[PDB]
Amino acid sequence: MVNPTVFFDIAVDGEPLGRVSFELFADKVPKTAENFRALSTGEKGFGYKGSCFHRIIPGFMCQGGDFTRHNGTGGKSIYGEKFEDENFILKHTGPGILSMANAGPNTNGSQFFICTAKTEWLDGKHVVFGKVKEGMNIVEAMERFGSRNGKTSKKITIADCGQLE
Ligand SMILES: Cc1cccnc1N
Ligand SMILES: Cc1cccnc1N
């Protein structure tokens, strides 16, 4: 009934940086929320722990969740390789929005992005399913290791992750 909360403990070239928590909008996009939740606990036998934010563009977004290819070409959902666009009820309203990366209609896997600006042109194209709850300062710290083309100057990893409460 209460939207679940997940955390990522972030590291920068293996050094602890801090924790980012997310609210997942299970109330609005249950299927998409449950995928991310489960990938964050690792309870299906695979998931985000030890993966990296392979593409970070300051003033746009931090993208991750490619635990099979490590570069934006991989990843898989708890439902199969890909799953449908659940709905587009929620919009890309500003920094902190958590949304699904994809490669076309109905191609959600595990890759996601955290917005660091309003990205309204993505509305109706990417499924928004959560928001940063605590540690937007850590996201901003992460964002500083990105670049215009998205290549990071240090390796930004999810050293640990899971579900809070
Ligand atoms: C999007 C999707 C869902 C289930 C099976 N195949 C697919 N491509
Ligand atoms: C396979 C893939 C590539 C880029 C974004 N999402 C995906 N599921």
# chains A, B, ... in the order shown; residues from 1 in each chain; ligands from 1
>>> residues_near_ligand(ligand="ligand 1", cutoff="10 Å", atoms="only C-alpha atoms and all ligand atoms", output="PyMOL selection string")
chain A and resi 79-86+104-109
>>> write_last_selection(atoms="N, CA and C atoms", output="compact mmCIF listing (two decimals), in the first residue's frame")
# COMPACT_ATOMS: atom_id res chain seq x y z
N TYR A 79 11.00 -10.05 -15.95
CA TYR A 79 9.89 -10.62 -16.76
C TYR A 79 10.34 -11.29 -18.04
N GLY A 80 11.63 -11.36 -18.29
CA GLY A 80 12.12 -11.61 -19.66
C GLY A 80 13.05 -10.49 -20.06
N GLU A 81 13.58 -10.63 -21.27
CA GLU A 81 14.52 -9.65 -21.81
C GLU A 81 13.94 -8.24 -21.80
N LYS A 82 12.71 -8.13 -22.29
CA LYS A 82 12.06 -6.81 -22.48
C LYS A 82 10.63 -6.91 -21.95
N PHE A 83 10.08 -5.77 -21.54
CA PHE A 83 8.67 -5.68 -21.27
C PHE A 83 8.09 -4.36 -21.73
N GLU A 84 6.76 -4.39 -21.84
CA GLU A 84 6.03 -3.28 -22.41
C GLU A 84 6.12 -2.00 -21.62
N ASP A 85 5.91 -0.91 -22.33
CA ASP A 85 5.61 0.38 -21.71
C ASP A 85 4.32 0.32 -20.91
N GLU A 86 4.46 0.41 -19.61
CA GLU A 86 3.32 0.19 -18.72
C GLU A 86 2.20 1.23 -18.87
N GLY A 104 13.21 1.86 -28.10
CA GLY A 104 12.04 1.71 -28.92
C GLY A 104 10.84 1.41 -28.11
N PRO A 105 9.67 1.41 -28.76
CA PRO A 105 8.45 1.12 -28.02
C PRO A 105 8.51 -0.27 -27.41
N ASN A 106 8.09 -0.39 -26.13
CA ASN A 106 7.95 -1.67 -25.47
C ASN A 106 9.26 -2.51 -25.42
N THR A 107 10.34 -1.86 -24.98
CA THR A 107 11.68 -2.52 -24.93
C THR A 107 12.34 -2.23 -23.57
N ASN A 108 11.54 -2.03 -22.54
CA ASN A 108 12.10 -1.89 -21.16
C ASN A 108 12.84 -3.16 -20.70
N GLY A 109 14.01 -3.00 -20.05
CA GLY A 109 14.73 -4.18 -19.55
C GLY A 109 15.07 -3.85 -18.10
>>> residues_around(residues="stretch 73-77 of chain A", least_positions_apart="4", cutoff="12 Å", atoms="only C-alpha atoms", output="JSON, numbers by chain")
{"A": [31, 32, 33, 34, 35, 36, 37, 38, 39, 40, 42, 44, 45, 46, 47, 48, 51, 52, 54, 55, 63, 64, 65, 66, 67, 68, 69, 81, 82, 83, 84, 100, 101, 102, 103, 107, 108, 109, 110, 111, 112]}
>>> closest_residue(among="A:78, A:24, A:156, A:90", to="residue A:144", atoms="only C-alpha atoms")
A:156
>>> closest_residue(among="A:61, A:50, A:149, A:158", to="residue A:119", atoms="only C-alpha atoms")
A:61
>>> residues_around(residues="residue A:139", least_positions_apart="5", cutoff="12 Å", atoms="only C-alpha atoms", output="JSON, numbers by chain")
{"A": [8, 9, 10, 11, 12, 17, 18, 19, 20, 21, 22, 53, 56, 57, 58, 59, 60, 61, 62, 63, 95, 96, 97, 98, 113, 114, 115, 116, 117, 131, 132, 133, 134, 144, 145, 146, 156]}
>>> closest_residue(among="A:29, A:127, A:6, A:161", to="ligand 2", atoms="only C-alpha atoms and all ligand atoms")
A:127
>>> select_by_dssp(residues="chain A", states="alpha helix (DSSP H)", output="list in words")
residues 30, 31, 32, 33, 34, 35, 36, 37, 38, 39, 40, 41, 136, 137, 138, 139, 140, 141, 142 and 143 of chain A
>>> closest_residue(among="A:49, A:118, A:155, A:126", to="ligand 2", atoms="only C-alpha atoms and all ligand atoms")
A:126
>>> closest_residue(among="A:23, A:92, A:15, A:99", to="ligand 2", atoms="only C-alpha atoms and all ligand atoms")
A:99
>>> atom_distance(atom1="atom CA of residue A:135", atom2="atom CA of residue A:7")
9.6 Å
>>> atom_distance(atom1="atom CA of residue A:3", atom2="atom CA of residue A:89")
16.1 Å
>>> closest_residue(among="A:14, A:122, A:27, A:70", to="residue A:1", atoms="only C-alpha atoms")
A:27
